[PDB]
Amino acid sequence: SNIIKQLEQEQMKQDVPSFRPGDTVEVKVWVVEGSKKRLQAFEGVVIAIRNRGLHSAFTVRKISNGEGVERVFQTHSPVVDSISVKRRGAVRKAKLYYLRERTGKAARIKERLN
Amino acid sequence: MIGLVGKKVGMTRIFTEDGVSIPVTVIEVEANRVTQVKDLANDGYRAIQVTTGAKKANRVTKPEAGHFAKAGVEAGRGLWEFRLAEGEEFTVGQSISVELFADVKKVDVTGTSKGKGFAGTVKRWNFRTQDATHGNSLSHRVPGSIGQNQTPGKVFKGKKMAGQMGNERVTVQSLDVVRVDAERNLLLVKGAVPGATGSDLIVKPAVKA
Amino acid sequence: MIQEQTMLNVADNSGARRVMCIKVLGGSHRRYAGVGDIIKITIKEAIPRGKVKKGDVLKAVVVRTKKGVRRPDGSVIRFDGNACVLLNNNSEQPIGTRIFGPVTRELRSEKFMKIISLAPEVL
Amino acid sequence: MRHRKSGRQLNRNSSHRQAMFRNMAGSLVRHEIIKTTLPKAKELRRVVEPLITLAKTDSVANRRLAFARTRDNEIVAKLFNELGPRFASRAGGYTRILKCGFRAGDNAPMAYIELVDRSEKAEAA
Amino acid sequence: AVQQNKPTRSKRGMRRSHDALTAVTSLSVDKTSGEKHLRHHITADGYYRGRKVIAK
RNA sequence: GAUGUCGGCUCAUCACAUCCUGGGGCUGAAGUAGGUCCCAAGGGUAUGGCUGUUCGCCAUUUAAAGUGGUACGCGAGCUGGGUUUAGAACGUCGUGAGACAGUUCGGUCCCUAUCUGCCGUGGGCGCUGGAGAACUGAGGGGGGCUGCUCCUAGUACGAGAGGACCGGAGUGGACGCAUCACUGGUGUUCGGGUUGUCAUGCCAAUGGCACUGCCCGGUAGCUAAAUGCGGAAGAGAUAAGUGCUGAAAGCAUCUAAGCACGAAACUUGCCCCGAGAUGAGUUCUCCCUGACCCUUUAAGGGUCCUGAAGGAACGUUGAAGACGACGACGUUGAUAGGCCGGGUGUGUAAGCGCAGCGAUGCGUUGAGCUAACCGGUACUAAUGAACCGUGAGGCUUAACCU
RNA sequence: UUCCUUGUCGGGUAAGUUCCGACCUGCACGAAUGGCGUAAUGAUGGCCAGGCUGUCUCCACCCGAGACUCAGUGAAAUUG
RNA sequence: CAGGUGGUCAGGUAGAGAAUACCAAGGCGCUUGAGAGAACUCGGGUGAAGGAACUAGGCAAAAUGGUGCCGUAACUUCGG
RNA sequence: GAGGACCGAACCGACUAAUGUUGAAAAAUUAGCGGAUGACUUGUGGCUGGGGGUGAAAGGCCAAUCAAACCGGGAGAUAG
C-alpha cells in the first residue's frame with residue numbers, strides 16, 4: 001500500500017552497489033564489543049539474493065578455517081557498513097545452492113569478464 | 001484512559017541506528033469522532049461512542065443517519081464505545097487524534113483473528129498425532145478417546161474437539177509503542193496484532209503495567 | 001538446534017572426534033540446544049592417545065550449528081556442520097587447549113572467555 | 001484454508017484443466033459464442049482474454065507463444081488476423097457471460113460466453 | 001451404530017421441518033419482450049435487459 | 001439368547017493421605033542444608049537402555065519426576081507385543097490319545113451414529129407497533145508453572161569452612177495466544193534445465209505423455225523451527241499460625257464481648273462468551289397519522305385504498321465459510337475478471353547477425369516470460385423493477401398534564 | 001531344554017530381562033523317536049553396525065479420490 | 001460383478017528383452033452428473049535442524065539399482 | 001555346454017503392509033515378494049466313493065460342504 005511503502009523508502013539505503021549471484025563481495029559489518037565498535041570484513045561468494053525493497057537480503061558463503069560458513073545479510077540494515085564487489089562471476093542460475101555440495105576445484109566460478 | 005479505533009495496514013520493520021530490527025505493525029488511526037456521551041444519570045455508566053473512517057451516503061440507513069446527524073458528525077464505518085475513567089471529559093462532536101498516545105508506552109490491541117474455518121483437534125488444540133505406521137488403521141489425526149467408561153457415562157462439558165477456529169475477538173496485551181506519527185495518522189507498535197490486513201483494531205493503553 | 005542422539009564434530013584438541021548428545025541440560029522437557037548451550041555427551045570416536053577416550057560421559061558447549069544463530073538485525077550465521085567443545089564434567093572448563101574453526105559471539109561470556117580467546121575467528 | 005488463492009479446481013487434475021481450457025478457448029474463438037457451465041465460463045475469461053491481448057501485437061514471437069497456448073494454427077490465424085484488429089481499441093473485457101437456465105441432465109447452472117463485438121456484421125465470414 | 005428404538009412419525013416430521021422448498025420470490029419482466037424470466041438470466045427466447053442477445 | 005480380557009498409544013477427569021512451588025509450628029533449628037508435623041489441590045509434575053510388560057533396575061536430567069479413583073478410565077478411538085483356538089518343536093508327565101500360568105516359532109481386531117452426551121453452526125418463534133445500531137453484565141469459561149544469574153553482601157551467622165532471610169534487577173525452560181516483518185518449509189496455477197518418445201509437413205521452435213517424467217529455483221497464501229505477547233501487581237475475606245486488650249477464674253489467658261495480622265486455595269482484578277438473564281434489561285436513532293361494511297359487538301371479521309423504515313431475494317464477491325451464517329459491493333459503482341503501470345520470481349526468449357568443420361559460443365539482451373501481490377483503470381459482469389414487511393400500536397392503576 | 005533366574009563372569013551400550021563368549025549348580029541334555037560339528041542355501045528366529053530416511057522429536061504445506069452443497073436414483077443392520 | 005478362462009497372431013523408436021516408456025494398425029474414455037475446495041479418511045508429492053530418539057520389532061517409508069573395467073575377506077565340502 | 005545352477009517377464013505361487021470388512025470381490029485390489037528346464041506348469045479325456053477315497057501329512061481335500069460329503073428314507077429319532 002501507499003502507506004507502508006512510504007515508511008520503507010525512507011529507511012532504504014541509496015548507494016547499495018549492484019551485484020549478482022556468483023560475484024565475490026567483501027561485506028564490512030559493525031562489531032560492538034562494549035565501548036568500541038570496529039569493522040569486521042566478511043568476504044565470500046554471493047549465492048542468493050532476495051529482492052524485497054527494504055526487506056532485501058543476500059547470503060554470502062565462505063570457507064573459513066576449513067569450515068564452510070554462510071551468512072545472510074539484511075542489505076538495508078545499518079549493521080552492514082559497506083559492500084564492495086571483488087570479482088564478477090559468471091553463473092547461469094539465481095541461487096547457487098549447489099555450491100554447498102562442492103569444494104576446492106569443484107566450487108570454482110568462472111569470472112564474468114564483462 | 002480511552003482508546004482509539006484504527007485499521008491494520010500491515011507489518012514492516014524499523015531499523016534502529018544501533019543495528020536492531022524492530023518488527024512493527026502499522027495501524028492507521030484517523031480522527032475518531034465522538035458521536036454520543038453516556039453518563040450515570042441517563043445511561044447508568046460513563047462512556048463515549050466514537051466513529052471513524054468515512055462511509056458512502058447511499059449505504060447508510062435512515063436510523064444510522066439520524067444518529068450521526070444528532071451528533072453533527074459525518075457517518076463512519078461503525079461505532080465503538082469506550083468506558084470513561086474518572087476525570088475524563090468529552091463532548092459530542094469532538095474529534096480525537098492519534099497524538100493521544102504521545103506519552104503512552106504500552107498498548108493493548110484488540111481485533112478479530114483470522115478465520116481458519118472448521119479445524120481439527122491437531123490444529124485447534126495441539127493434540128498429538130497418533131502413529132503414522134505400526135498398524136494404525138484410519139486413526140492418524142483423530143482425537144482418540146473422549147471420555148471414561150460407564151462411571152461418568154458422558155462427555156464432560158468443555159471437552160476439546162474439532163470446530164470453528166479463529167474469526168473471534170482476540171486481545172494482545174502490553175505492546176511497545178515504537179512511533180506515533182500524528183501528521184500521517186500512523187501508530188507503530190512492536191510485534192504482531194490479531195486480524196488480517198485491513199481489519200479494524202481497537203487500541204487502548206495497557207491495563208497492566 | 002541439537003537434540004539427543006545428535007552426532008557432533010569436536011572443535012578442540014581434547015582427542016575426541018565424534019560425540020553424541022545424550023541430554024540437553026537446563027530445563028525439564030527441554031528439546032534443543034543452540035550455540036552457547038551446555039549438553040551432556042558421550043564420546044563415540046577418539047584419537048588413540050588423546051586426553052579423553054571412547055565411552056566417557058562429559059559436558060560440552062555447542063559452538064557451531066547448521067541451523068545457525070540469529071542476530072538482532074535479523075541476520076543469520078549458518079555453518080556446514082555441528083560442532084562442540086568438550087568441558088570438564090564438574091568444572092565446566094574446556095578440556096583441550098586449542099580451538100579449530102570459527103565460533104560466534106554468542107559465546108562472549110565470562111564463562112566461555114577461554115574459548116573466545118582461543119578461537120581462530122569469532123563471527 | 002483458501003485465503004487469497006485464485007483459480008478453480010473444477011474436480012480435475014492440473015493436466016486435465018489445462019487441456020480442457022485449451023480446447024474451450026479454441027472453440028470460443030472459432031464460434032465466437034459457446035454454452036458452458038457458469039463456473040467453467042468464469043474461469044475461461046482468465047484464459048482467452050490474455051490470448052486476445054497477446055494477439056494485438058503481431059510478431060513471430062507472439063504467434064509462436066500463442067501457438068504454444070492453443071496448439072491450433074487455425075485458431076492462431078483468427079486471433080492475429082481477425083480478433084487482434086477487432087479489439088485494437090478495447091482495453092480488456094473482450095468477453096461477456098450471459099447466464100441462462102440449468103442443464104436438464106444434471107441441473108448445472110449454464111451460461112453463454114461470447115465475444116463482445118459479435119454483431120450483425122459477423123455473418124460475412 | 002443403529003437405533004435402539006423406532007423413531008416416531010412425530011420425530012420424523014420434526015426433522016423434515018427444514019426440508020421445505022423455497023419458491024422463487026418473483027420473476028423479472030423484460031423491458032422489450034415483456035416475458036418473465038429469472039433475474040440476471042436471459043429469457044426463453046434469448047432476450048436480456050431488452051436486447052436480443054442470442055438469435056435462437 | 002456375550003458386560004471384549006493385560007500393557008502401550010491418544011485423550012483425559014476427580015480425590016488429597018502434597019512430589020514441586022506457597023504459608024506456618026517444633027527441632028538434638030548457628031548459617032547453608034535438613035528432620036517432623038499443620039494449612040494448602042492454583043498450576044506444574046522427565047527423556048532414554050532392557051523387558052509384552054504394569055513394575056523394577058540402570059543411564060542422564062529436573063523446582064519436582066506425587067499417591068490413588070475413574071468397568072485394574074479410555075478397542076462402535078488406534079494397537080495386538082502378551083494372554084487366548086487350530087500348525088510345529090523342546091523339557092517334562094503318560095503304555096497311549098494327549099497334557100503342562102513351563103518354554104519356543106507362527107497365527108483375520110467388524111460396525112454408514114437413531115437417542116443421551118459433547119464440539120461447532122444455523123432455522124423458528126418469543127421478548128407486546130415495527131425497524132437499525134450501540135451497550136449494560138446476571139451468569140459462564142479461559143488463564144494461574146517455574147529455573148538460573150546479578151545487586152543487596154562475601155554482609156547477618158560462623159572457630160573456620162562456608163554462607164542467608166527480607167527486597168530489587170536481568171535472563172531462560174515448559175506451556176498458551178496471536179502473527180508472517182524477518183529466518184525458513186511448502187508452493188502439481190510462475191520461470192528454467194534435461195532423458196525417452198509422439199505430434200505440429202520438415203528445419204528451427206513448441207506441445208502431449210512418461211509419479212508434476214525427472215530435476216533446479218520460486219510469488220501469494222498457509223505455516224514453525226520463525227518473533228511478538230502472556231502468567232502478574234493490587235484489593236477483599238480467610239486456612240494453619242502469630243497477636244493486642246481482656247474477664248469468667250484477685251492471677252494467668254489470642255476469646256467468651258472487642259481489635260489486628262496471616263498463603264499459589266476462596267471472591268475480585270486480566271482475557272473471552274454472554275439479555276432465550278422468559279427475571280427476555282438499557283440507551284440512541286428511524287418509520288407508519290386512509291376509508292368502509294358486517295356481526296353474536298370484541299384484544300371481532302371483511303372490502304377498498306395504501307406498502308413506509310427496513311428486510312429478504314438476486315447478482316459481483318471476500319484474508320468469511322462444509323452448508324447456513326458473517327462482511328464488502330451492485331452504475332450516484334473499483335465488488336470480481338480483464339486491461340495499464342509497477343513489483344516479484346526465473347535468469348540473457350524467439351528471430352536475426354557473427355565466429356566455429358561441428359556440438360556450441362558471442363552480440364542484439366538482465367532479454368523474454370511472469371499465479372494468488374501493489375497502484376490505477378468502468379472494458380465485461382453486478383438491471384428498471386418485483387417480493388416481504390403496514391396504516392400510530394391492549395388493559396388496570398399511580399404520578400403528572402388537561 | 002534352566003524352575004530358582006534379569007544365575008555368575010566377560011564383550012558390546014552413557015545405560016542391554018534380549019544378543020555373543022564362557023563357567024557347570026544339566027529343577028528336568030545326550031548319542032539313528034540320533035549326539036556334536038558343518039561350507040552353501042532360507043519371503044526362517046534372535047542381535048549388532050553402516051547407509052537411509054516424516055518411524056519419531058513435531059508436524060507443515062501441496063496434488064488427487066471421497067467427505068460437504070445442488071439435481072437424479074435410492075439401500076442396510078436395528079426397532080415393546 | 002476391479003475375480004477366473006486354453007490356443008493363435010506379435011508393427012515403429014529406445015531397449016538384452018514378449019520388461020518398460022511413447023506410438024502404429026485397431027479399439028476405447030470404464031452408464032450418474034454439477035459445484036465447493038472444511039475437519040477427517042484414502043492414494044500421492046515435498047520438507048528446516050536432528051537421524052531409529054519411533055516401535056513388541058526399522059512395521060512402513062526412504063535408500064540401493066545399469067554396462068564396462070579395476071578390485072574383493074573369514075571360511076570352505078575347493079564348486080563356492 | 002552340465003545343472004531339482006544364477007538374474008529376470010509370461011506362467012505358477014502367496015511372504016509383508018495398506019485398503020476393503022452391509023466389499024468391486026462369500027478371500028480381492030495396490031505396492032513390494034518366492035519359483036521360473038523342473039520333485040515345473042497347463043489343456044482335453046479318464047480312474048479312485050463316504051468309515052471309503054486321496055493325502056511330499058495340515059485331520060488337509062473329496063462341488064463356497066469334512067474328526068466321517070451330499071440327497072432321499074427309518075423319522076413326528078430321542079431331548080429328566
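Order of the sequence lines sets the chain letters (A, B, ...), proteins ahead of strands, with each chain counted from 1.
Nucleotides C118(F) and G218(F) fail the base-pair criterion, which asks for a Watson-Crick or G-U wobble arrangement whose two donor-acceptor distances both fall under 3.5 Å. Remark: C177(F) pairs with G228(F), satisfying the Watson-Crick or G-U wobble criterion at under 3.5 Å for both atom pairs. Residues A34(H) and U69(G) show canonical Watson-Crick or G-U wobble pairing, with both defining distances under 3.5 Å.
In this structure, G191(B) reaches the sugar-phosphate backbone alone: every heavy-atom distance under 4.0 Å involves primed, P, OP1 or OP2 atoms, never a base. Nucleic acid contact for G92(D): base, since at least one base atom lies under 4.0 Å from a heavy atom of the residue. Residue-level contact check: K5(A) touches neither bases nor backbone, having no heavy atom under 4.0 Å from any strand. Backbone-only engagement by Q173(B) is indicated by non-hydrogen atom pairs under 4.0 Å involving sugar-phosphate atoms exclusively. Counting any heavy atom pair closer than 4.0 Å across all strands shown, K95(A) reaches sugar-phosphate atoms only and no base atom. Base contact: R2(D) has a heavy atom under 4.0 Å from a base atom. Within 4.0 Å of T197(B), counting heavy atoms only, lies at least one base atom of the nucleic acid. Using a 4.0 Å heavy-atom distance criterion, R83(B) is classed as a sugar-phosphate-only contact. Residue contacts shown for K23(C) include a base, since a base heavy atom lies under 4.0 Å away. Within the 4.0 angstrom heavy-atom criterion, only backbone atoms of the sugar-phosphate kind lie near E64(B); the bases stay farther away. Using a 4.0 Å heavy-atom criterion, one finds that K67(C) contacts the bases of the nucleic acid, with or without backbone contacts as well. Within 4.0 Å of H18(E), counting heavy atoms only, lies at least one base atom of the nucleic acid.
For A71(F), neither phosphate oxygen OP1 nor OP2 lies less than 4.0 angstrom from any side-chain nitrogen or oxygen of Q148(B). Within the structure, every side-chain polar atom (N or O) of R52(A) is placed at least 4.0 Å from both OP1 and OP2 of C182(F). Considering only side-chain N and O atoms, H140(B) lies nowhere under 4.0 angstrom from the phosphate OP1 or OP2 of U41(H). Regarding contacts with the backbone of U316(F), a side-chain N or O of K99(D) is found under 4.0 angstrom from either OP1 or OP2. Proximity of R64(D) to the phosphate of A205(F): no side-chain N or O atom is located under 4.0 Å from OP1 or OP2. One finds a side-chain N or O of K40(D) lying less than 4.0 angstrom from the OP1 or OP2 phosphate oxygen of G35(H). In this structure, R71(D) does not reach the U200(F) phosphate: none of its side-chain N or O atoms is under 4.0 Å from OP1 or OP2. Phosphate proximity of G321(F) to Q164(B): present, with a side-chain N or O under 4.0 Å from OP1 or OP2. Residue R141(B) places at least one side-chain N or O closer than 4.0 Å to OP1 or OP2 of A60(G). An OP1 or OP2 oxygen of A14(G) is reached within less than 4.0 angstrom by no side-chain nitrogen or oxygen of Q5(C). Side-chain nitrogen and oxygen atoms of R31(C) include at least one within less than 4.0 Å of the OP1 or OP2 phosphate oxygen of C175(F). Distances shown here put a side-chain N or O of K123(B) below 4.0 Å from the OP1 or OP2 atom of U223(F). Listed pair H3(D) / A320(F) meets the phosphate criterion, a side-chain N or O lying under 4.0 Å from OP1 or OP2. Put simply, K116(B) has no side-chain N or O that comes within less than 4.0 Å of OP1 or OP2 on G321(F).
Nucleotide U41(H) has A65(G) as its partner under the Watson-Crick or G-U criteria, with both atom distances under 3.5 Å. Using the Watson-Crick or G-U wobble rule with both distances under 3.5 Å, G356(F) pairs with nothing in any strand shown. The base-pairing partner of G279(F), taking Watson-Crick or G-U wobble contacts with both distances under 3.5 Å, does not exist among the strands shown. Pair assignment for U20(H) gives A14(H), based on Watson-Crick or G-U wobble hydrogen-bonding distances that are each under 3.5 Å.
For the pair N82(C) (side chain) and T65(C) (backbone), a donor-acceptor distance under 3.5 Å is absent. In this structure, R69(D) contributes its side chain and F67(D) its backbone to no donor-acceptor pair below 3.5 Å.
For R12(D), the CZ atom is densely surrounded, since the number of other residues' heavy atoms within 6.0 Å is greater than 12. Around the NZ atom of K5(A), the shell of radius 6.0 Å holds more than 12 heavy atoms that belong to other residues, nucleotides or ligands. In the displayed structure, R92(A) atom CZ is contacted under 6.0 Å by at most 12 heavy atoms of other residues, nucleotides or ligands.
For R50(A), the listed nucleotide lying nearest its side chain is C182(F); candidates were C329(F), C182(F), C119(F). With distances taken from any side-chain atom of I22(C) to the nucleotides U60(F), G366(F), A313(F), the minimum falls on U60(F). For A94(A), counting side-chain heavy atoms from C-beta on, the closest listed nucleotide (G347(F), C387(F), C182(F)) is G347(F). Between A53(H), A131(F), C339(F), one nucleotide has an atom nearer to the side chain of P63(B) than all others, and that is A131(F). Out of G351(F), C271(F), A65(F), the shortest distance to the side chain of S28(C) is found at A65(F). Picking from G73(F), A225(F), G338(F) the nucleotide with the shortest atom distance to the side chain of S145(B) gives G73(F). With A49(H), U78(G), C135(F) as the candidates, the nucleotide lying closest to the side chain of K66(C) is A49(H). Nearest nucleotide to the side chain of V57(C), out of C314(F), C373(F), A14(G): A14(G). Distances from the side chain of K114(B) to the nucleotides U179(F), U183(F), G208(F) place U179(F) closest. In this structure, of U383(F), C272(F), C78(F), it is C78(F) that holds the atom nearest to the side chain of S139(B).
The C1'-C2'-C3'-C4' dihedral of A64(I) is negative. Its furanose therefore counts as south. Evaluation of the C1'-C2'-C3'-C4' torsion of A67(G) gives a positive value and hence a north sugar. In terms of the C1'-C2'-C3'-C4' torsion, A58(I) has a north-puckered sugar. The angle is above zero. Judged by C1'-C2'-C3'-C4', the furanose ring of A2(H) adopts a south pucker. The pentose of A28(G) is categorized as south (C2'-endo side) on the basis of a negative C1'-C2'-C3'-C4' torsion.
Consecutive bases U44(I) and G45(I) are counted as stacked, their six-membered rings lying with centres under 5.5 Å apart and planes tilted under 30°. Here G315(F) and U316(F) show stacked bases; the six-membered rings are centred less than 5.5 angstrom apart and their planes meet at under 30°.
Rounding to whole angstrom units, CG of residue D39(B) and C1' of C284(F) are separated by 13 Å. A straight line from CD of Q36(B) to P of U283(F) spans 11 Å, rounded to a whole angstrom. Taking atom CZ of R124(B) as the reference point, atom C1' of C119(F) lies 7 Å away to the nearest angstrom.
Shown are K111(C), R30(C), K23(C); of these, the salt bridge (charged side-chain N to carboxylate O under 4.0 Å, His left out) with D37(C) is made only by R30(C). Each of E168(B), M165(B), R169(B) was scored for a side-chain contact (heavy atoms from CB on, under 4.5 Å) with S113(B), with one residue passing: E168(B).
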(request) Show the numbers, then the answer: is there a salt bridge (charged side-chain N to carboxylate O under 4.0 Å, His left out) between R77(B) and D200(B)? (result) CA-CA 10 Å; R77(B) 54 173 143 95; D200(B) 309 310; 2.5 Å; yes

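Ionic pairing of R13(B) and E8(A) is not present here: no N-O contact between side-chain nitrogen and carboxylate oxygen is shorter than 4.0 angstrom.
In this structure, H67(B) forms no aromatic stack with the base of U285(F), since the conditions of centre separation below 5.5 Å and plane angle below 30° are not both met.
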